[PDB]
Amino acid sequence: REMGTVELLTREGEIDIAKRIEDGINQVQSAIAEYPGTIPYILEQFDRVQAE
DNA sequence: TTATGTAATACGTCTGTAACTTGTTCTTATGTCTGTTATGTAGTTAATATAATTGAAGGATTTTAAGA
């Protein structure tokens with residue numbers, strides 16, 4: 001009874017939901033990027049990995 | 001009578017046994033460390049697919065809460 005009250009989706013529904021998910025994801029990522037210590041962490045991680 | 005010399009006898013006693021004890025020396029059982037292999041855990045896969053499930057059955061009486 002509980003799960004039958006949700007309508008079934010189509011292709012375009014999946015596309016729209018995926019677009020909403022990525023929109024939220026990149027909002028979160030942009031929020032993280034605006035932080036003075038975030039970029040140095042990625043930079044030092046790249047510095048370590050590039051040294052193999 | 002009395003010196004003398006043998007003889008019984010009791011007590012030290014020199015030595016042979018044995019107990020107490022330690023050195024030390026060798027052997028072995030055990031605990032531990034380390035290296036290798038098997039076991040146990042975990043993450044991922046992209047035609048599409050979109051309301052179970054399986055039974056089960058001749059019961060006969062009481063008492064006690066919900067519904068009206």
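All values below come from the heavy atoms of this structure, side chains included, with hydrogens, waters and symmetry mates left out. Quick note on labels: first sequence line is chain A, next is B, and so on, each numbered from 1.
- Judged by ring-centre distance under 5.5 Å and interplanar angle under 30°, strand neighbours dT64(B) and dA65(B) are stacked.
- Distance CD (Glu7(A)) to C1' (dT50(B)): 13 Å, rounded to an integer number of Å.
- Rounded to an integer number of Å, the gap from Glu14(A) CD to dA49(B) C1' is 12 Å.
- Glycosidic torsion of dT21(B) falls outside 90° of 0, placing the base in anti.
- Rounded to a whole Å, the CG atom of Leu8(A) is 12 Å from the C1' atom of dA51(B).
- The neighbour count for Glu44(A) CD, taken as heavy atoms of other residues, nucleotides or ligands under 6.0 Å away, is above 12.
- Under the side-chain contact (heavy atoms from CB on, under 4.5 Å) test applied with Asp23(A), the options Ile21(A), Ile25(A), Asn26(A) reduce to a single match, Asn26(A).
- Glycosidic conformation of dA19(B): anti, with the torsion beyond 90° of 0.
- Counting heavy-atom neighbours within 6.0 Å of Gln45(A) CD, excluding the residue itself, gives a total above 12.
- In this structure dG58(B) sits in the syn conformation; its chi angle is within 90° of 0.
- Checked by atom type and distance alone, the side chain of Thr38(A) never pairs as donor or acceptor with a backbone atom of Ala33(A) at under 3.5 Å.
- Spacing between atom CD of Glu2(A) and atom P of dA51(B) amounts to 17 Å, rounded to whole angstrom units.
- The CZ atom of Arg11(A) sits 13 Å away from the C1' atom of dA46(B) (whole-angstrom rounding).
- Nucleotide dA47(B) carries a north sugar pucker, as its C1'-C2'-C3'-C4' torsion angle is positive.
- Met3(A) has its CE atom 12 Å from the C1' atom of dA52(B), to the nearest Å.
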